[PDB]
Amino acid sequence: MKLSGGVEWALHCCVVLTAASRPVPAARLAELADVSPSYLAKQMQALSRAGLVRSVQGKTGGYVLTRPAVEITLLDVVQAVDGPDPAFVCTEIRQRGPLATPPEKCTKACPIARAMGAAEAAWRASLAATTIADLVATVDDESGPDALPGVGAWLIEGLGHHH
């Protein structure tokens, strides 16, 4: 099992909310992603349960990040969607068979499990060391300084006005 499809979506969602820098209603995010408002709202639940997004009420209400983009790491978003479980799971096969390691000697993790855990720690360190602010800065530098502001304006234009 690799990462679920929700990780790609949730990372893009955090970048687009930073671009808006004002509450974005479910309907406007849903239009941007070409899905229904009710489907978008269901996907947002992973980010709201993790305390990364909240809902603002009122006529120009909608979703906002709960803290600045520099305080949201890629690891925060990945764990919001796919949870905290490591990729490698030790099933304690060293406790099997006629030369089984007795449980009283199985307090410390298997050296194999520890090496796999150290590799996972490098993956998590890389995700923890990168922020939503870094992604926004790279999009700015490569798409131009007008690209994300354009997305932000499109999301919030006309909110609280009836045409």
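When you see a residue number, it is the position in the sequence shown, counting from 1.
- Averaged over CA atoms, B-factors in the entry run higher in 103-111 than in the other of 44-52 and 103-111.
- Per the PDB record, of the two stretches 113-121 and 134-142, 134-142 carries the greater mean B-factor over its C-alpha atoms.
- The entry lists a Cα temperature factor for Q57 that places it in the highest third of the chain's modelled residues.
- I156: CA B factor lies in the middle third for its chain, per the PDB record.
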